[PDB]
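Asker: Coordinates in query.pdb, PDB, C-alpha atoms, are listed below.
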```
MODEL        1
ATOM      1  CA  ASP H 214       0.000   0.000   0.000  1.00  0.00           C
ATOM      2  CA  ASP H 215       2.894   2.361   0.825  1.00  0.00           C
ATOM      3  CA  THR H 216       4.597   1.590  -2.519  1.00  0.00           C
ATOM      4  CA  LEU H 217       4.749  -1.241  -5.019  1.00  0.00           C
ATOM      5  CA  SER H 218       8.295  -2.351  -5.834  1.00  0.00           C
ATOM      6  CA  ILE H 219       9.330  -3.740  -9.215  1.00  0.00           C
ATOM      7  CA  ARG H 220      12.616  -5.652  -9.276  1.00  0.00           C
ATOM      8  CA  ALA H 221      14.488  -6.636 -12.434  1.00  0.00           C
ATOM      9  CA  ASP H 222      17.472  -8.918 -11.873  1.00  0.00           C
ATOM     10  CA  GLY H 223      20.125  -9.254 -14.593  1.00  0.00           C
ATOM     11  CA  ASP H 224      23.699  -8.427 -15.609  1.00  0.00           C
ATOM     12  CA  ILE H 225      22.925  -4.934 -16.938  1.00  0.00           C
ATOM     13  CA  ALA H 226      21.412  -2.289 -17.016  1.00  0.00           C
ATOM     14  CA  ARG H 227      21.156   1.001 -18.697  1.00  0.00           C
ATOM     15  CA  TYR H 228      17.577   2.219 -18.393  1.00  0.00           C
ATOM     16  CA  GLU H 229      15.342   5.251 -18.844  1.00  0.00           C
ATOM     17  CA  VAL H 230      12.063   5.841 -17.004  1.00  0.00           C
ATOM     18  CA  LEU H 231       9.294   8.236 -18.040  1.00  0.00           C
ATOM     19  CA  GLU H 232       5.540   8.865 -17.689  1.00  0.00           C
ATOM     20  CA  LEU H 233       2.549   8.819 -20.069  1.00  0.00           C
ATOM     21  CA  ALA H 234      -1.046   9.993 -19.642  1.00  0.00           C
ATOM     22  CA  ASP H 235      -4.464   8.901 -20.973  1.00  0.00           C
ATOM     23  CA  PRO H 236      -4.194   6.444 -19.446  1.00  0.00           C
ATOM     24  CA  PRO H 237      -1.612   7.214 -16.717  1.00  0.00           C
ATOM     25  CA  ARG H 238       1.415   4.957 -17.243  1.00  0.00           C
ATOM     26  CA  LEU H 239       5.023   4.511 -16.172  1.00  0.00           C
ATOM     27  CA  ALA H 240       7.432   3.219 -18.824  1.00  0.00           C
ATOM     28  CA  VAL H 241      10.920   1.760 -18.423  1.00  0.00           C
ATOM     29  CA  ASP H 242      13.276   1.092 -21.333  1.00  0.00           C
ATOM     30  CA  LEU H 243      16.075  -1.371 -20.713  1.00  0.00           C
ATOM     31  CA  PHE H 244      19.121  -1.657 -22.938  1.00  0.00           C
ATOM     32  CA  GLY H 245      21.431  -4.559 -23.688  1.00  0.00           C
ATOM     33  CA  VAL H 246      18.393  -6.855 -23.265  1.00  0.00           C
ATOM     34  CA  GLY H 247      16.709  -9.262 -25.601  1.00  0.00           C
ATOM     35  CA  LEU H 248      13.108 -10.151 -24.730  1.00  0.00           C
ATOM     36  CA  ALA H 249      12.783 -13.628 -23.193  1.00  0.00           C
ATOM     37  CA  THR H 250      10.337 -15.993 -21.528  1.00  0.00           C
ATOM     38  CA  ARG H 251      11.557 -14.732 -18.090  1.00  0.00           C
ATOM     39  CA  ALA H 252       9.763 -11.465 -19.003  1.00  0.00           C
ATOM     40  CA  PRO H 253       6.564 -13.188 -17.489  1.00  0.00           C
ATOM     41  CA  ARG H 254       8.012 -12.883 -13.979  1.00  0.00           C
ATOM     42  CA  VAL H 255       7.125  -9.235 -14.771  1.00  0.00           C
ATOM     43  CA  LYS H 256       3.440 -10.053 -14.030  1.00  0.00           C
ATOM     44  CA  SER H 257       4.386  -9.544 -10.353  1.00  0.00           C
ATOM     45  CA  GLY H 258       4.745  -5.856 -10.812  1.00  0.00           C
ATOM     46  CA  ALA H 259       1.464  -4.635 -12.542  1.00  0.00           C
ATOM     47  CA  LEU H 260       0.187  -1.680 -12.429  1.00  0.00           C
ATOM     48  CA  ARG H 261      -3.440  -2.181 -13.187  1.00  0.00           C
ATOM     49  CA  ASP H 262      -1.317  -4.214 -15.766  1.00  0.00           C
ATOM     50  CA  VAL H 263       2.169  -4.488 -17.216  1.00  0.00           C
ATOM     51  CA  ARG H 264       3.029  -5.057 -20.882  1.00  0.00           C
ATOM     52  CA  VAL H 265       6.501  -5.716 -22.277  1.00  0.00           C
ATOM     53  CA  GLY H 266       7.943  -5.669 -25.811  1.00  0.00           C
ATOM     54  CA  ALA H 267      11.047  -4.970 -27.898  1.00  0.00           C
ATOM     55  CA  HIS H 268      11.924  -3.399 -31.245  1.00  0.00           C
ATOM     56  CA  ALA H 269      15.404  -4.572 -32.279  1.00  0.00           C
ATOM     57  CA  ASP H 270      16.851  -2.630 -29.419  1.00  0.00           C
ATOM     58  CA  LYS H 271      15.788  -2.354 -26.177  1.00  0.00           C
ATOM     59  CA  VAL H 272      12.959  -3.742 -24.135  1.00  0.00           C
ATOM     60  CA  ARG H 273      10.089  -1.507 -23.045  1.00  0.00           C
ATOM     61  CA  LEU H 274       8.096  -2.178 -19.897  1.00  0.00           C
ATOM     62  CA  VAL H 275       4.785  -0.343 -19.571  1.00  0.00           C
ATOM     63  CA  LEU H 276       2.853  -0.045 -16.279  1.00  0.00           C
ATOM     64  CA  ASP H 277      -0.693   1.167 -16.422  1.00  0.00           C
ATOM     65  CA  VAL H 278      -1.482   2.842 -13.065  1.00  0.00           C
ATOM     66  CA  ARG H 279      -4.380   2.932 -10.602  1.00  0.00           C
ATOM     67  CA  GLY H 280      -3.114   6.203  -9.032  1.00  0.00           C
ATOM     68  CA  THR H 281      -0.517   8.957  -9.575  1.00  0.00           C
ATOM     69  CA  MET H 282       3.034   7.873  -8.660  1.00  0.00           C
TER      70      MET H 282
ENDMDL
END
```
If you took the structure in this file and wrote it as structure tokens, what would it be?
Answerer:
Amino acid sequence: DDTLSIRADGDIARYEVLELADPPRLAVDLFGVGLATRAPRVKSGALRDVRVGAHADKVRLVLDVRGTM
């Protein structure tokens, strides 16, 4: 209730975090990562929900929110 913690364990990482609105979202981009089946352990950290993808970079994690953070 005080705060939800999202933990990503790996060798890296360079990251960037930013916000989006309509709907309110928090987005993290991780570099030096290729998307993998372990991405599902990500379900632990939603966020109304969490979606993850990649575009020949660079993985993007998107957290829809239930309240301003």
Asker: Starting from the PyMOL selection byres ((chain H and resi 245) around 9), expand the selection into actual residues of this file and give them as a list in words.
Answerer: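 Written out, the selection comes to residues 225, 226, 227, 243, 244, 246, 247, 270, 271 and 272 of chain H.
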Asker: Selection from above, C-alpha atoms, as a PDB file, in the frame of the given file, can you write it?
Answerer:
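The resulting file, selection-v4.pdb, is reproduced below:
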```pdb
ATOM      1  CA  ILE H 225      22.925  -4.934 -16.938  1.00  0.00           C
ATOM      2  CA  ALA H 226      21.412  -2.289 -17.016  1.00  0.00           C
ATOM      3  CA  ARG H 227      21.156   1.001 -18.697  1.00  0.00           C
ATOM      4  CA  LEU H 243      16.075  -1.371 -20.713  1.00  0.00           C
ATOM      5  CA  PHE H 244      19.121  -1.657 -22.938  1.00  0.00           C
ATOM      6  CA  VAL H 246      18.393  -6.855 -23.265  1.00  0.00           C
ATOM      7  CA  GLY H 247      16.709  -9.262 -25.601  1.00  0.00           C
ATOM      8  CA  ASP H 270      16.851  -2.630 -29.419  1.00  0.00           C
ATOM      9  CA  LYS H 271      15.788  -2.354 -26.177  1.00  0.00           C
ATOM     10  CA  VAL H 272      12.959  -3.742 -24.135  1.00  0.00           C
TER      11      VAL H 272
END
```
Asker: Could you state which residues are captured by the PyMOL selection byres ((chain H and resi 238) around 12) in this file, as a tab-separated table (two decimals) with C-alpha atoms, in the coordinates of the input?
Answerer:
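After the write, part-v6.tsv holds the following:
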```tsv
chain	number	residue	atom	x	y	z
H	230	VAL	CA	12.06	5.84	-17.00
H	231	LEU	CA	9.29	8.24	-18.04
H	232	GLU	CA	5.54	8.86	-17.69
H	233	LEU	CA	2.55	8.82	-20.07
H	234	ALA	CA	-1.05	9.99	-19.64
H	235	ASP	CA	-4.46	8.90	-20.97
H	236	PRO	CA	-4.19	6.44	-19.45
H	237	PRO	CA	-1.61	7.21	-16.72
H	239	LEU	CA	5.02	4.51	-16.17
H	240	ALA	CA	7.43	3.22	-18.82
H	241	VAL	CA	10.92	1.76	-18.42
H	259	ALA	CA	1.46	-4.64	-12.54
H	260	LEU	CA	0.19	-1.68	-12.43
H	261	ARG	CA	-3.44	-2.18	-13.19
H	262	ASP	CA	-1.32	-4.21	-15.77
H	263	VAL	CA	2.17	-4.49	-17.22
H	264	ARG	CA	3.03	-5.06	-20.88
H	274	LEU	CA	8.10	-2.18	-19.90
H	275	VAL	CA	4.78	-0.34	-19.57
H	276	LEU	CA	2.85	-0.04	-16.28
H	277	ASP	CA	-0.69	1.17	-16.42
H	278	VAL	CA	-1.48	2.84	-13.06
H	279	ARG	CA	-4.38	2.93	-10.60
H	280	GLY	CA	-3.11	6.20	-9.03
H	281	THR	CA	-0.52	8.96	-9.57
H	282	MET	CA	3.03	7.87	-8.66
```
Asker: Could you list the residues chosen by the PyMOL selection byres ((chain H and resi 216-221) around 8) in this structure as a list in words?
Answerer: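 Applying the PyMOL selection byres ((chain H and resi 216-221) around 8) to the structure shown produces residues 214, 215, 222, 223, 257 and 258 of chain H.
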